[PDB]
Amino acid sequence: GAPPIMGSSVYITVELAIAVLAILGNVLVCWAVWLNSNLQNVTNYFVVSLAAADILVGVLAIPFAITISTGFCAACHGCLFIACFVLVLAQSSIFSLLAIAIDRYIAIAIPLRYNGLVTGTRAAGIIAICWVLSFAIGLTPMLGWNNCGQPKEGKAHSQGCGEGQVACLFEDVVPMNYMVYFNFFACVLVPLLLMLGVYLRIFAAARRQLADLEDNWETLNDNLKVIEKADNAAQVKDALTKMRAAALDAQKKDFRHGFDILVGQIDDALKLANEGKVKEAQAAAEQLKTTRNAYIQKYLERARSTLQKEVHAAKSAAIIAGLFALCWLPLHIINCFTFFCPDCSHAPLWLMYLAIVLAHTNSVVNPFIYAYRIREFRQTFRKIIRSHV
């Protein structure tokens, strides 16, 4: 049995390194949103709330994790508070991640009413409510669902603890049925699965909208060829009626002027077709190609460019949520083995430490995802770093 302070010194040193990195990176995130008005939107208010939770991981949760690794003597409910506080921060992160996914779904599904529905004031209130619910969920053991009623008196006596004190260890005060059923299954796993469902709807909605853009583009060009090789006025009328309805479907200053020309030129050719003037209607329909090359194709391309940027932003947000799950699942899976397999030896202490360090490292990774995937964050990070450090 090697001296406990040796392995403890490695764990503590790594934790402090993570704490420094989590504070520095996420303070940079908050400073970038504060300075850059192009970053001041509802989506990034939840990003800041998430960064604040990660700052508090370095300032409070990691010092608390270091403290509870010592098993020091403490009043049981005080031990319970410093053990449960990380649950508050994790829950707050889940609420922010779920809000970000929903915010991106609203923007892709109903962009015409996104600015009216999703405002900064309503976002600040949602953030406040989610922080309150995070304290209620994470400190639920403080309300009585704890093991303070059944202290490990032998462990407490062997460490010289006083009356009412226990050796402060996470699994001695926080009930494992809380950790598995309430915290993991209900409060972590279910919201993560909801997020997965939201992102599946975002990508399915983007793929369908991009398909609809190309369908209207193909229908516009196909019916143009139909008019050219038509032999009577009725065939020209049939193709023009399909173009007029599709031109209005794709319409939903230079943008409006382009479609005003397009619909008017269709009406011009339609009137000639209804008068039995096939050659004159076909020549009038040929003028649609000039409007298509100068206006309609530009709108198609900019509409496509906007959807591809929303896909890119949703993937970046999904990477953040997926990395949260990857970093926290080992801890929860270990708790499942402890809880569901009492015939299995408990996961060894070094693996517990590794799983804790991994969870804490998630508070370091988000600034790097923003810097590598979001140009506005990357450029703002450079301005802050070049001008102030």
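Numbering starts at 1 and follows the sequence shown. Throughout, rigid core stands for the largest set of C-alpha atoms superposing within 1.5 Å between the two forms.
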For this session: Overlaying the structures in 7 other deposited structures of this protein on the rigid core, point out which of 213-221 and 228-236 has the bigger RMS C-alpha shift.
Result: 228-236
Seminar exercise, completed: Gap between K252 and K253, counted in deposited residues with no coordinates, falls in the class 10 or more
Exercise. In the PDB record, does 374-382 or 6-14 carry the higher mean Cα temperature factor?
Worked result: 374-382
Seminar exercise, completed: Per the PDB entry, mean CA B-factor is higher for 258-266 or 129-137, namely for 258-266
Exercise. Taking the Cα B-factors listed in the entry, which of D103, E286, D172, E310 comes out highest?
Worked result: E286
For this session: Using the temperature factors in the entry, find which of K155, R122, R113, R201 has the highest value at its Cα atom.
Result: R113
For this session: Using the B-factors in the PDB entry, rank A75's C-alpha atom against the chain and give the third, lowest, middle or highest.
Result: middle
Seminar exercise, completed: Of the three thirds of the chain ranked by Cα temperature factor, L196 occupies the middle
For this session: Would you check the entry's CA temperature factor for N177 and let me know if it's in the chain's lowest, middle or highest third?
Result: lowest
For this session: Sort the modelled residues of this chain by their C-alpha B factor and say whether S305 lands in the lowest, middle or highest third.
Result: highest
Exercise. If you rank the chain by CA B-factor, which third does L87 end up in: lowest, middle or highest?
Worked result: lowest
